[PDB]
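Top to bottom, those sequences are chains C, B and A. Count along the first sequence from 1, add 20, and you get the number used in the deposited numbering. Count along the second sequence from 1, add 19, and you get the number used in the deposited numbering. Count along the third sequence from 1, add 115, and you get the number used in the deposited numbering. All C-beta atoms in this analysis are idealised placements derived from N, C-alpha and C, irrespective of residue type, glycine included. What follows is a single structure, written as structure tokens, with notes after it.
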Amino acid sequence: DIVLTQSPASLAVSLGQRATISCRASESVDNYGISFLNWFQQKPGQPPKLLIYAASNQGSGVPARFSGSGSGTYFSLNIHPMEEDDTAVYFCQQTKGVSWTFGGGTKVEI
Amino acid sequence: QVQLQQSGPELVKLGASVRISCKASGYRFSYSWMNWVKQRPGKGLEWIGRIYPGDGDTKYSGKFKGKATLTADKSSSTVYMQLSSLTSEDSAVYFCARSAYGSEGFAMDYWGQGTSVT
Amino acid sequence: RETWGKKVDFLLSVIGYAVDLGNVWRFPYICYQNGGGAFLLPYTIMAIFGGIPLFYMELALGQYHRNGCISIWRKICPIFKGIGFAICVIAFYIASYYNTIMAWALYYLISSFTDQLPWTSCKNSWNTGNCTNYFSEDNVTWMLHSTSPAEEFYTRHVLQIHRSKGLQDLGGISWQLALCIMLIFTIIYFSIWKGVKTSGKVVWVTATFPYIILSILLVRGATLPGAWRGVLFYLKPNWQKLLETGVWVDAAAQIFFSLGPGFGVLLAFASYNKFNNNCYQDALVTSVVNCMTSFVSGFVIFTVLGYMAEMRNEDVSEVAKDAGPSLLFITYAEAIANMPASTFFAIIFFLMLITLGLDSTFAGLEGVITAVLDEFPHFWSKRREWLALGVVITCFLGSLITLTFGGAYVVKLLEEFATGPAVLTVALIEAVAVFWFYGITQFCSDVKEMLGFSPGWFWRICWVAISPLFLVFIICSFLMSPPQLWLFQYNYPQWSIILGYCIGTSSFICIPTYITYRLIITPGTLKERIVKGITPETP
Ligand SMILES: CC(C)CCC[C@@H](C)[C@@H]1CC[C@H]2[C@@H]3CC=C4C[C@@H](OC(=O)CCC(=O)O)CC[C@]4(C)[C@@H]3CC[C@@]21C
Ligand SMILES: CC(C)CCC[C@@H](C)[C@H]1CC[C@H]2[C@@H]3CC=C4C[C@@H](OC(=O)CCC(=O)O)CC[C@]4(C)[C@H]3CC[C@]12C
Ligand SMILES: CCCCCCCCCCCCO[C@@H]1O[C@H](CO)[C@@H](O[C@H]2O[C@H](CO)[C@@H](O)[C@H](O)[C@H]2O)[C@H](O)[C@H]1O
Ligand SMILES: *[C@@H]1O[C@H](CO)[C@@H](O[C@@H]2O[C@H](CO)[C@@H](O)[C@H](O)[C@H]2NC(C)=O)[C@H](O)[C@H]1NC(C)=O
Ligand SMILES: CN[C@@H](C)Cc1ccccc1
Ligand SMILES: [Cl-]
Ligand code: NA
Ligand code: NA
């Protein structure tokens, strides 16, 4: 099974600064030219919200500040310019063959 | 307009079962995966499994295959996820999301609301 | 000079060469395109007029001279030996595209070894578009941009054509298809490893299995509801369409490329035949067998098509939009997907496709190998196996470009070109040389001394009047029709139809090149130059 490690486990980014979230998978997720990885966002007391799908395309209700990148084994999500309402635990999830798993959770604060 | 309706909060005694519903609407119910997500209080997300209402096939992540059973009713557009022999370790909030197509990476574009199972 | 061994080997090899993998997806659809039930009369008329005589001429020329495809000209008309090089180039292109089609078929067969076929469902990773072209439904769900799940499996899992933007963007390579084509080429090499004895011994197996499979498919699809409308529309005559010359051109070209002369294959097979062998019975039996096999294949294909069309509760002729090899891998994939016995029928059908392709590949590669061997008699000690390995390597190199993710474009290009007015031109030049420079009287005398009786006046007038004229007419009709290829949601640009023209010309250009070479190699005036060029040289 593919195991995803999230680094850093907790981030402290000031307002206006650029945040960096990294997700590393045990194996490769590309199957037919599409990176089977997605980025989520979960505020406390709120359901998770999709941000980036296919590791490069943003969702319908996602601002242009959220940008996802990474192909193969290493993926990175960058938020710029970060605002106050980004204080949520981000997640990275793979959609490979059989078993799907989430990341570890990056607690971005401030 | 895609809307997913989930069951309300439930309380289960130690040594009983539960049946969590998920009423999806606003899209082709038979042409989209239904994925259940477990989230312990204060912990990260945990994938439970998936089901395709078109064929009825179900997939799981880990040991949840021997405990969680996924069913789907096409006529009522409801997805069930049964838990057998619940204990204190499963006192979490279970979410229900619908996956996207292939090139979308099976994205969980639409989520439910989560049921606070005790 | 080795022989065929048993007489059955030659007949089986010729029959296997005749049963092409192309006609198992082309012939019924194109019969539906022109006339249908009324297409048989022009088909048989053009057969009798031009296809059977060419088959007979190729068999007789191969048997009489006991040579390949480059030395029979030295024995007949040395000035036209470039037909051998043209045949070699045509065989190279044909091997490339035909073997990547084989790789697709082998990948399908490998994926067919599951209890649940992967193309039945639309829940897979490669199913990202629409899934509205289902079967066994009663609701009304149909949009103009829908895509069948089998189409998604073909174009996004096996071909993976969604990762390419066309012929201008050939990125990536499929390793699974690479392994499949590696296994196929290894089988081909091991079959043509030593010579024609092993080739016939394996043709004994790979040429009879397709007939059993076709019989099974026909008698199991006959017990399927809705086949009546399919067979009716297959056998619904439209005599009004027969007035235009297009149907005649189509029938003549179809029979020509079903019998398949001018590929240098029949000459190699007949070279291994004894002098006292009877070419008449073999030629007639092979032609009748090929025609009956085409009819049976069309019958079963239209039976399946009508069954699924009645299942869909929609009008017929709206499902034949998939032309070429896509017809099989989509329509039949869906058909066996809905059939009770899915894995068995899928495995059997794809094995039959593999055997159909295998017969043709063995035939063509052995023909080119014999052509090379006979051209260089000093290469008969151990050059057989090494030459087979080199030919296999060259064919692999040619198919490497077609092996890419977007290679289906170049495959459909090499299928519609180098198989048009190129083999037709080669066969026309062959017939013209044999019946104008070698002499019809000399050829008739040779055949009379071969069998014991000279061919009747029917052949003696047809070979000189109809077949060259009919081939010229086909070439003229084809040259006047601009080509516009159309794959899945891709229109070929202007440069594609020029690259295809160049590919087709590259094979044909060998004959004028050798004509000029032999004209200028010997000094003298032009008149006696062409005098000695036409006249052969005694051994
Ligand atoms: C359901 C339909 C489509 C079946 C196909 C009709 C059969 C007549 C086919 C066509 C070619 C036939 C083959 C043509 C050559 C003959 C030679 C024959 O060998 C002989 O004993 C005589 C040969 C000789 O002495 O010249 C054995 C059967 C065989 C291989 C075959 C018999 C059955 C075949 C495959
Ligand atoms: C599917 C049905 C409705 C169509 C009919 C099928 C057969 C009855 C037809 C189709 C092709 C015809 C054949 C086409 C080739 C000719 C060559 C011909 O050869 C000769 O003897 C003529 C040479 C000469 O002696 O001058 C013998 C009849 C034959 C086999 C024909 C016999 C009758 C055939 C098999
Ligand atoms: C004389 C020397 C010639 C040197 C080479 C010249 C090559 C010229 C470029 C290729 C010419 C067109 O190539 C040829 O086009 C014809 C129609 O025109 C295609 O023909 C296609 O449509 C016709 C109907 O018109 C069908 O009957 C046929 O079954 C189908 O394949 C052939 O599949 C293709 O082989
Ligand atoms: C059904 O297929 C059609 C095309 O065959 C899809 O329509 C295109 O989808 C792509 C996907 O990004 C868009 O870029 C195009 O703009 C669409 N075409 C048009 C005319 O709008 C369609 O999305 C498919 N249906 C799905 C995926 O549900
Ligand atoms: C009858 N099928 C041939 C016309 C096509 C072919 C020729 C040579 C080799 C392979 C395939
Ligand atoms: Cl045919
Ligand atoms: Na044929
Ligand atoms: Na064959």
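Check: Closer than 8 Å at the beta carbon, the chain C residues around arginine 271 of chain A; Outcome: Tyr52
Check: Classification of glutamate 429 of chain A by the beta-carbon crowding that lies within 10 angstroms, buried from 16 upward; Outcome: exposed
Check: Distance between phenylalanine 95 of chain C and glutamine 58 of chain B (C-alpha atoms, nearest Å); Outcome: 23 Å
Check: Chain-order list of residues whose beta-carbon lies under 6 Å from that of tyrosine 208 of chain A (same chain, five-residue window excluded); Outcome: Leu529 and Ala533
Check: Residue-level contact to chain B via CB, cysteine 246 of chain A, 8 Å cutoff; Outcome: yes
Check: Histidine 493 of chain A burial status per 10 Å Cβ neighbour count (16 or more: buried); Outcome: exposed
Check: CB of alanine 201 of chain A within 8 Å of CB of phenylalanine 623 of chain A, strictly; Outcome: yes
Check: Residues near ligand 4, criterion Cβ-heavy atom distance below 6 Å; Outcome: B/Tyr120, A/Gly244, A/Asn245, A/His260 and A/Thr262
Check: C-beta contact flag for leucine 282 of chain A and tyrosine 524 of chain A at 8 Å; Outcome: yes
Check: Neighbouring residues, chain B, relative to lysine 238 of chain A (Cβ below 8 Å); Outcome: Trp52, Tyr71, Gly73, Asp74 and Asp76
Check: Classification of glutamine 66 of chain C by the beta-carbon crowding that lies within 10 angstroms, buried from 16 upward; Outcome: exposed
Check: C-alpha distance - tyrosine 132 of chain A paired with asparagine 77 of chain C, whole-angstrom precision; Outcome: 51 Å
Check: Contact under 8 Å by Cβ, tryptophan 578 of chain A with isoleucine 555 of chain A; Outcome: yes
Check: Short CB-CB distance (under 8 Å) between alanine 108 of chain C and chain B; Outcome: no
Check: Neighbour flag for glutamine 275 of chain A against chain C, beta carbons, 8 Å; Outcome: yes
Check: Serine 412 of chain A vs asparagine 138 of chain A beta-carbon contact at 8 Å; Outcome: yes
Check: Whole-angstrom distance between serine 26 of chain B and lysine 32 of chain B, CA atom to CA atom; Outcome: 18 Å
Check: Within the segment 342 to 414 of chain A, ranges of the alpha helix (DSSP H) (whole runs, at least 4 residues); Outcome: 342 to 349, 360 to 374 and 380 to 386
Check: Under 9 Å by beta carbon: chain C residues contacting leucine 89 of chain B; Outcome: Simply none; closest approach about 14 Å.
Check: Under 9 Å by beta carbon: chain A residues contacting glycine 121 of chain B; Outcome: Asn239, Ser240, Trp241, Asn242, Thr243, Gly244, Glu267 and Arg271
Check: Beta-carbon proximity of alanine 383 of chain A to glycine 310 of chain A, cut-off 8 Å; Outcome: no
Check: Neighbouring residues, chain B, relative to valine 118 of chain C (Cβ below 7 Å); Outcome: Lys78
Check: Selection of the segment 69 to 100 of chain C by Cβ proximity to chain B, strictly under 9 Å; Outcome: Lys69, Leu70, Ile72, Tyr73, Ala74, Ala75, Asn77, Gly79 and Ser80
Check: One or two residues paired with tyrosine 129 of chain B in a DSSP bridge; Outcome: B/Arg117
Check: Chain B contact residues for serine 48 of chain C, given Cβ-Cβ distances below 9 Å; Outcome: By Cβ distance, chain B contributes nothing, its closest Cβ being about 14 Å from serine 48 of chain C, past 9 Å.
Check: Simplified DSSP state of residue 138 of chain B, which is helix, strand or coil; Outcome: Given that chain B is displayed from residue 20 to residue 137, the structure contains no residue 138 of chain B and the question cannot be resolved.
Check: Closer than 8 Å to chain B by CB, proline 67 of chain C; Outcome: yes
Check: Pairwise C-alpha distance: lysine 316 of chain A and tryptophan 119 of chain A; Outcome: 10 Å
Check: Whole beta strand (DSSP E) elements within the segment 268 to 310 of chain A, 3-residue minimum; Outcome: none
Check: Lining residues of ligand 1 - beta-carbon closer than 7 Å to any non-hydrogen atom, in sequence order; Outcome: A/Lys122, A/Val123, A/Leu126, A/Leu127, A/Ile130, A/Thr323, A/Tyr326, A/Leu329, A/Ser330, A/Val400, A/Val404, A/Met407, A/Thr408 and A/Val411
Check: For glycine 68 of chain B, the three-state DSSP class (helix, strand or coil); Outcome: strand
Check: Residue environment, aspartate 437 of chain A, which counts as buried when at least 16 other CB atoms sit within 10 Å; Outcome: buried
Check: Classification of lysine 116 of chain C by the beta-carbon crowding that lies within 10 angstroms, buried from 16 upward; Outcome: buried
Check: Cut-off 7 Å between Cβ atoms - residues of its own chain near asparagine 182 of chain A, not counting five sequence neighbours on either side; Outcome: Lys190, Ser386 and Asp489
Check: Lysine 32 of chain B in three-state terms, based on DSSP; Outcome: coil
Check: Short CB-CB distance (under 8 Å) between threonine 115 of chain C and chain B; Outcome: yes
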